[PDB]
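Chemist: Just one file: run-v2.tsv, with TSV, C-alpha atoms.
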chain	number	residue	atom	x	y	z
D	938	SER	CA	4.76	27.68	30.57
D	939	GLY	CA	4.52	28.16	26.82
D	940	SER	CA	6.02	25.79	24.26
D	941	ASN	CA	8.76	27.18	22.02
D	942	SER	CA	7.54	28.07	18.52
D	946	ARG	CA	9.56	27.18	26.89
D	947	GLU	CA	9.08	30.69	28.30
D	948	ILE	CA	7.56	32.56	31.25
D	949	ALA	CA	5.98	35.71	32.68
D	950	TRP	CA	8.25	36.79	35.55
D	951	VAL	CA	7.93	33.60	37.60
D	952	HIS	CA	9.61	30.41	38.46
D	953	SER	CA	6.73	27.91	38.41
D	954	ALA	CA	7.47	26.66	34.88
D	955	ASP	CA	10.85	26.24	33.07
D	956	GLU	CA	14.18	27.98	33.69
D	957	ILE	CA	13.39	31.06	31.60
D	958	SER	CA	15.07	30.01	28.35
D	959	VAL	CA	15.04	26.26	27.70
D	960	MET	CA	15.10	25.27	24.03
D	961	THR	CA	14.03	21.70	23.27
D	964	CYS	CA	7.32	21.25	21.75
D	965	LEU	CA	3.55	20.94	21.47
D	966	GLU	CA	2.13	21.64	24.95
D	967	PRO	CA	3.81	22.33	28.32
D	968	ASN	CA	2.37	21.24	31.66
D	969	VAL	CA	2.43	23.66	34.57
D	970	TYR	CA	-0.92	22.55	35.99
D	971	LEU	CA	0.75	21.89	39.37
D	975	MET	CA	8.77	20.26	35.79
D	976	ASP	CA	6.54	21.37	32.91
D	977	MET	CA	5.48	18.35	30.84
D	978	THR	CA	5.33	18.02	27.06
D	979	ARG	CA	5.26	15.77	24.03
D	980	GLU	CA	7.59	16.05	21.00
D	981	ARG	CA	6.30	15.56	17.47
D	984	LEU	CA	9.66	12.43	23.77
D	985	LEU	CA	8.57	13.98	27.07
D	986	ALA	CA	10.89	16.94	27.61
D	987	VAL	CA	10.21	18.24	31.12
D	988	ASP	CA	12.61	20.38	33.15
D	989	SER	CA	12.83	21.72	36.70
D	990	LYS	CA	12.68	25.46	37.41
D	991	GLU	CA	10.20	25.21	40.31
D	992	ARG	CA	7.80	22.16	40.54
D	993	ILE	CA	9.61	19.02	41.67
D	994	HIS	CA	12.98	19.60	39.93
D	995	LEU	CA	13.43	16.10	38.36
D	996	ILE	CA	11.35	13.76	36.18
D	997	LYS	CA	13.06	14.02	32.78
D	998	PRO	CA	11.42	11.88	30.05
D	999	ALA	CA	8.71	10.07	32.01
D	1000	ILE	CA	4.98	9.36	31.77
D	1007	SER	CA	1.69	14.53	25.71
D	1008	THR	CA	-1.44	16.21	27.24
D	1009	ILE	CA	-0.97	15.75	31.03
D	1010	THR	CA	-3.31	17.15	33.65
D	1011	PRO	CA	-2.96	17.19	37.48
D	1012	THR	CA	-1.29	14.51	39.60
D	1013	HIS	CA	-2.32	15.35	43.17
D	1018	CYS	CA	1.37	11.84	35.88
D	1019	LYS	CA	-0.93	10.74	33.01
D	1020	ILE	CA	-0.31	11.02	29.26
D	1021	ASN	CA	-2.50	11.75	26.23
D	1022	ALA	CA	-1.54	10.75	22.69
D	1023	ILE	CA	-3.20	10.68	19.26
D	1024	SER	CA	-3.73	6.93	19.60
D	1025	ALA	CA	-5.71	4.81	22.05
D	1026	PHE	CA	-2.87	5.41	24.53
D	1027	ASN	CA	-4.74	6.13	27.75
D	1028	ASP	CA	-1.53	5.63	29.52
D	1029	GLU	CA	-1.04	7.55	32.82
D	1030	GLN	CA	1.01	6.49	35.91
D	1031	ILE	CA	3.88	7.70	38.09
D	1032	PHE	CA	7.31	7.78	36.48
D	1036	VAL	CA	5.94	3.37	37.14
D	1037	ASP	CA	4.51	3.44	33.62
D	1038	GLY	CA	0.97	2.32	32.92
D	1039	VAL	CA	-0.40	2.10	29.42
D	1040	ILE	CA	-4.11	1.73	30.15
D	1041	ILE	CA	-5.36	0.69	26.70
D	1042	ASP	CA	-8.71	2.29	25.91
D	1043	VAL	CA	-9.07	-0.09	22.92
D	1045	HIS	CA	-9.23	4.72	18.48
D	1046	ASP	CA	-7.76	7.85	20.05
D	1047	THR	CA	-7.60	8.60	23.75
D	1048	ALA	CA	-8.97	12.15	23.78
D	1049	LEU	CA	-9.66	14.80	26.42
D	1050	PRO	CA	-8.63	13.84	29.98
D	1051	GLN	CA	-9.79	15.46	33.21
D	1052	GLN	CA	-8.80	14.87	36.87
D	1053	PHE	CA	-11.68	14.25	39.30
D	1056	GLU	CA	-6.99	7.88	41.97
D	1057	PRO	CA	-9.80	8.38	39.44
D	1058	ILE	CA	-9.37	10.27	36.17
D	1059	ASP	CA	-12.13	10.77	33.62
D	1060	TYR	CA	-11.31	10.26	29.95
D	1061	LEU	CA	-13.38	11.52	27.04
D	1062	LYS	CA	-12.67	9.99	23.64
D	1063	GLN	CA	-14.21	11.09	20.36
D	1064	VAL	CA	-17.47	9.71	21.81
D	1065	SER	CA	-20.04	11.32	24.10
D	1066	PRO	CA	-20.39	8.19	26.33
D	1067	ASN	CA	-16.83	8.54	27.76
D	1068	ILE	CA	-15.21	6.60	30.62
D	1069	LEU	CA	-13.81	6.95	34.15
D	1070	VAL	CA	-10.49	5.16	34.78
D	1071	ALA	CA	-8.88	4.91	38.21
D	1072	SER	CA	-5.10	5.14	38.01
D	1076	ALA	CA	-8.39	0.66	36.02
D	1077	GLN	CA	-11.74	1.83	34.66
D	1078	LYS	CA	-13.79	3.02	37.64
D	1079	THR	CA	-17.11	3.09	35.76
D	1080	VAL	CA	-17.95	3.08	32.05
D	1081	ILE	CA	-21.12	4.55	30.57
D	1082	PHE	CA	-22.67	4.30	27.11
D	1083	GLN	CA	-25.53	6.61	26.17
D	1084	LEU	CA	-26.10	7.50	22.53
D	1085	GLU	CA	-25.63	6.31	18.95
D	1090	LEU	CA	-15.27	19.16	26.53
D	1091	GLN	CA	-17.04	18.00	29.69
D	1092	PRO	CA	-16.99	19.57	33.16
D	1093	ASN	CA	-16.34	18.59	36.75
D	1094	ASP	CA	-18.89	19.46	39.41
D	1098	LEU	CA	-17.52	11.74	39.71
D	1099	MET	CA	-20.96	10.55	38.62
D	1100	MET	CA	-22.53	13.97	38.03
D	1101	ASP	CA	-20.88	14.51	34.64
D	1102	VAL	CA	-22.18	16.09	31.43
D	1103	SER	CA	-21.55	14.56	27.99
D	1104	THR	CA	-21.29	16.40	24.68
D	1105	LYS	CA	-20.73	15.77	20.99
D	1108	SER	CA	-26.90	14.96	22.86
D	1109	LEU	CA	-26.45	16.93	26.08
D	1110	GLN	CA	-26.95	13.89	28.28
D	1111	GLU	CA	-25.73	14.16	31.88
D	1112	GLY	CA	-25.34	10.66	33.29
D	1113	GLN	CA	-25.11	9.57	36.89
D	1120	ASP	CA	-29.40	10.20	30.82
D	1121	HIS	CA	-31.21	13.46	30.03
D	1122	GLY	CA	-31.29	13.89	26.27
D	1123	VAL	CA	-31.03	17.63	25.61
D	1124	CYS	CA	-30.96	18.36	21.87
D	1125	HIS	CA	-31.19	22.16	21.98
D	1126	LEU	CA	-27.89	23.26	20.41
D	1127	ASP	CA	-27.40	22.97	16.63
D	1129	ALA	CA	-23.53	20.44	17.77
D	1130	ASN	CA	-22.09	20.52	21.29
D	1131	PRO	CA	-18.37	21.31	21.73
D	1132	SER	CA	-18.29	22.17	25.44
D	1133	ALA	CA	-20.42	21.97	28.58
D	1134	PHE	CA	-19.90	23.26	32.10
D	1135	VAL	CA	-21.78	22.90	35.37
D	1136	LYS	CA	-23.51	25.30	37.78
D	1137	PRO	CA	-21.20	27.89	39.46
D	1141	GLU	CA	-28.38	25.80	35.33
D	1142	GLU	CA	-25.54	24.02	33.52
D	1143	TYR	CA	-24.44	26.09	30.52
D	1144	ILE	CA	-23.47	24.28	27.33
D	1145	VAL	CA	-22.10	25.87	24.16
D	1146	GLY	CA	-23.03	24.89	20.62
D	1147	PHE	CA	-20.76	24.79	17.59
D	1148	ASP	CA	-22.62	27.89	16.38
D	1149	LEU	CA	-22.21	30.04	19.52
D	1150	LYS	CA	-24.86	29.76	22.26
D	1151	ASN	CA	-23.88	28.56	25.80
D	1152	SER	CA	-27.55	28.22	26.79
D	1153	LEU	CA	-29.34	27.22	29.99
D	1154	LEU	CA	-30.00	23.70	31.29
D	1155	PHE	CA	-30.73	22.24	34.71
D	1163	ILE	CA	-34.04	30.44	28.24
D	1164	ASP	CA	-31.37	30.39	25.53
D	1165	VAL	CA	-29.59	33.67	26.29
D	1166	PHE	CA	-27.13	34.42	23.48
D	1167	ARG	CA	-24.56	37.21	23.14
D	1180	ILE	CA	-18.00	28.43	17.49
D	1181	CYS	CA	-18.39	30.57	20.61
D	1182	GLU	CA	-16.09	31.76	23.36
D	1183	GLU	CA	-15.86	28.73	25.63
D	1184	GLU	CA	-16.74	28.65	29.28
D	1185	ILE	CA	-15.49	28.00	32.81
D	1186	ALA	CA	-17.15	28.35	36.20
D	1187	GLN	CA	-16.88	31.03	38.86
D	1188	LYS	CA	-18.52	31.33	42.25
D	1189	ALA	CA	-20.37	33.98	40.20
D	1190	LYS	CA	-20.88	32.00	36.99
D	1191	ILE	CA	-18.33	33.98	34.89
D	1192	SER	CA	-21.39	35.88	33.59
D	1193	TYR	CA	-23.51	33.01	32.18
D	1194	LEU	CA	-20.43	30.82	31.64
D	1195	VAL	CA	-18.91	32.75	28.78
D	1196	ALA	CA	-15.20	33.47	28.49
D	1199	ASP	CA	-16.87	37.11	28.37
D	1200	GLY	CA	-19.31	39.10	26.24
D	1201	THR	CA	-18.41	41.90	28.63
D	1202	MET	CA	-20.83	41.03	31.49
D	1203	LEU	CA	-23.77	39.02	30.13
D	1204	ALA	CA	-26.88	39.56	32.22
D	1205	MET	CA	-28.38	36.48	33.82
D	1215	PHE	CA	-12.41	42.59	22.76
D	1216	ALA	CA	-8.83	41.36	22.45
D	1217	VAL	CA	-6.84	41.20	19.22
D	1218	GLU	CA	-8.30	38.76	16.68
D	1219	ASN	CA	-10.71	35.98	17.73
D	1220	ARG	CA	-11.16	32.18	17.80
D	1221	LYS	CA	-10.15	31.47	21.37
D	1222	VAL	CA	-9.62	27.94	22.60
D	1223	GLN	CA	-9.70	27.29	26.35
D	1224	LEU	CA	-9.56	29.76	29.21
D	1225	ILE	CA	-9.52	29.97	33.02
D	1226	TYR	CA	-10.01	32.79	35.56
D	1227	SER	CA	-8.69	33.78	38.97
D	1228	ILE	CA	-11.75	35.54	40.41
D	1229	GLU	CA	-15.02	37.17	39.31
D	1230	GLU	CA	-14.64	39.16	36.08
D	1231	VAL	CA	-11.18	40.60	36.75
D	1232	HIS	CA	-7.76	38.90	36.69
D	1233	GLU	CA	-7.79	36.84	33.52
D	1234	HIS	CA	-5.37	33.92	33.45
D	1235	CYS	CA	-3.85	35.38	30.29
D	1236	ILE	CA	-3.36	32.65	27.51
D	1237	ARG	CA	-6.44	34.14	25.77
D	1238	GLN	CA	-5.39	33.79	22.12
D	1239	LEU	CA	-2.53	32.37	20.07
D	1240	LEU	CA	0.81	34.06	20.71
D	1241	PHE	CA	-0.67	37.41	21.81
D	1242	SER	CA	-3.08	37.82	24.72
D	1243	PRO	CA	-3.92	40.68	27.11
D	1244	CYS	CA	-2.67	40.54	30.69
D	1245	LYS	CA	-5.02	43.32	31.83
D	1246	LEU	CA	-7.81	41.70	33.83
Produce structure tokens that represent the structure in this file.

Modeler:
Amino acid sequence: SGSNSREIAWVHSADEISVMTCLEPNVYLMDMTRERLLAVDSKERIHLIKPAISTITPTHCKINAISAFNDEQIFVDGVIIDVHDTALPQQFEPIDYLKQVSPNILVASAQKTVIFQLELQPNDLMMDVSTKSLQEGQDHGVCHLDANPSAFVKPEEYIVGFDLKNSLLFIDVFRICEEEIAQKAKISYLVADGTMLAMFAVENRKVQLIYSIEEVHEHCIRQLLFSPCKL
């Protein structure tokens, strides 16, 4: 699912081919969105939700606005008020929310636990890394990266710096950087790739990536508007 600048790639799991309405679609698995109104259709997901409860992740739905709207519910609307901006959400009915603060929060869709530690974060509910020091609460101040835009856990938790890096935690092996996700085989030092870093597509400045299996079978999406579908 890719917002109209609502398309596909020979599949029916997100939008009926051509569906003009967006900022981001949701096919995490009706592909959710947020207008500059939630315009979600049915091509293959659940077929009907229309305009019901921006950046939505899995609902084994929750919203994400530019305000303190940590709302997230069913169709049942629940505007959990974080009390500035409700930033990056992740699903771990508990859902972790990460504002423009490294402390962050865990809210059960009701705040499960809330932590405060200093003056992108991974999933392994208490074993969670924090970035903006590299403290991993349950904590461990790790000021090794000069800041910290993303961190991801063991497939040795690798955390990127704003000036490349994606070092080791528990040797700073170096190839903003190309951000990271986890494999059963570490995605080669949690970089997404530097070929195969030992433990190039068109243009650069990639955002967020995933992967099917070790090395091969990229999940496409690689850059803006033009990414390889090779491997």

Chemist: Find the residues around residue 1064 in chain D up to 8 Å (all atoms listed in the file counted), leave out those fewer than 3 positions away in its own chain, and share them as a PyMOL selection string.

Modeler: chain D and resi 1061+1067+1105

Chemist: Compile the contact shell of range 1219-1228 of chain D as JSON, numbers by chain: residues with an atom at most 9 Å away, counting only C-alpha atoms, same-chain residues fewer than 3 positions apart removed.

Modeler: {"D": [1180, 1181, 1182, 1183, 1184, 1185, 1186, 1187, 1188, 1189, 1191, 1196, 1215, 1216, 1231, 1232, 1233, 1234, 1235, 1236, 1237, 1238, 1239]}

Chemist: Enter the distance from CA of residue 939 in chain D to CA of residue 1032 in chain D, in Å, rounded to one decimal.

Modeler: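 Those two atoms sit 22.7 Å apart.
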
Chemist: Using only C-alpha atoms, can you tell me which of D:1201, D:1113, D:1093, D:1134 comes closest to residue 1066 in chain D?

Modeler: D:1113

Chemist: Find the distance between CA of residue 1152 in chain D and CA of residue 1193 in chain D and write it in Å to one decimal.

Modeler: 8.3 Å

Chemist: Using all atoms listed in the file, find all polymer residues with an atom at most 9 Å away from the point (1.0, 23.2, 20.8); report them as JSON, numbers by chain.

Modeler: {"D": [939, 940, 941, 942, 964, 965, 966, 967]}

Chemist: With C-alpha atoms retained, export the selected residues as an mmCIF file, in the coordinates of the input.

Modeler:
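Wrote selection-v5.cif, looks like this:
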data_model
loop_
_atom_site.group_PDB
_atom_site.id
_atom_site.type_symbol
_atom_site.label_atom_id
_atom_site.label_comp_id
_atom_site.auth_asym_id
_atom_site.auth_seq_id
_atom_site.Cartn_x
_atom_site.Cartn_y
_atom_site.Cartn_z
ATOM 1 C CA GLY D 939 4.520 28.160 26.820
ATOM 2 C CA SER D 940 6.020 25.790 24.260
ATOM 3 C CA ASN D 941 8.760 27.180 22.020
ATOM 4 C CA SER D 942 7.540 28.070 18.520
ATOM 5 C CA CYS D 964 7.320 21.250 21.750
ATOM 6 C CA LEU D 965 3.550 20.940 21.470
ATOM 7 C CA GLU D 966 2.130 21.640 24.950
ATOM 8 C CA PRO D 967 3.810 22.330 28.320
#

Chemist: Find the residues near range 1041-1046 of chain D: any atom within 12 Å, counting all atoms listed in the file, skip ones fewer than 4 places away on the same chain, and give them as a PyMOL selection string.

Modeler: chain D and resi 1020-1029+1050+1059-1064+1067-1070+1076-1077+1080

Chemist: What separation in Å, quoted to one decimal, exists between CA of residue 988 in chain D and CA of residue 1056 in chain D?

Modeler: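 Going from CA of residue 988 in chain D over to CA of residue 1056 in chain D, I get 24.9 Å.
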
Chemist: Could you tell me which of D:991, D:947, D:1120, D:1094 comes closest to residue 1142 in chain D if we count all atoms listed in the file?

Modeler: D:1094

Chemist: Got a sec: who's within 10 Å of residue 957 in chain D, counting only C-alpha atoms, leaving out chain neighbours fewer than 2 positions off, as a list in words?

Modeler: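 The residues that qualify are residues 938, 946, 947, 948, 949, 950, 951, 952, 954, 955, 959, 960 and 990 of chain D.
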
Chemist: Mind giving me the axis-aligned box for range 1051-1067 of chain D with 6 Å on every side, centre plus edges in Å to one decimal, as AutoDock Vina command-line options?

Modeler:
--center_x -13.7 --center_y 11.7 --center_z 31.2 --size_x 25.4 --size_y 19.6 --size_z 33.6

Chemist: So, counting only C-alpha atoms, which residue among D:1031, D:1165, D:971, D:984 is closest to residue 1011 in chain D?

Modeler: D:971

Chemist: Identify which of the residues D:1065, D:1072, D:1047, D:968 lies closest to residue 1104 in chain D, counting only C-alpha atoms when measuring atom-to-atom distances.

Modeler: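 Checking each candidate against residue 1104 in chain D, we get D:1065 as the closest.
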
Chemist: Using only C-alpha atoms, can you tell me which of D:987, D:1126, D:1244, D:1194 comes closest to residue 1150 in chain D?

Modeler: D:1126

Chemist: Counting only C-alpha atoms, figure out which residue out of D:1036, D:1081, D:1098, D:1195 gets nearest to residue 1051 in chain D.

Modeler: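 Once distances to residue 1051 in chain D are computed over only C-alpha atoms, the minimum belongs to D:1098.
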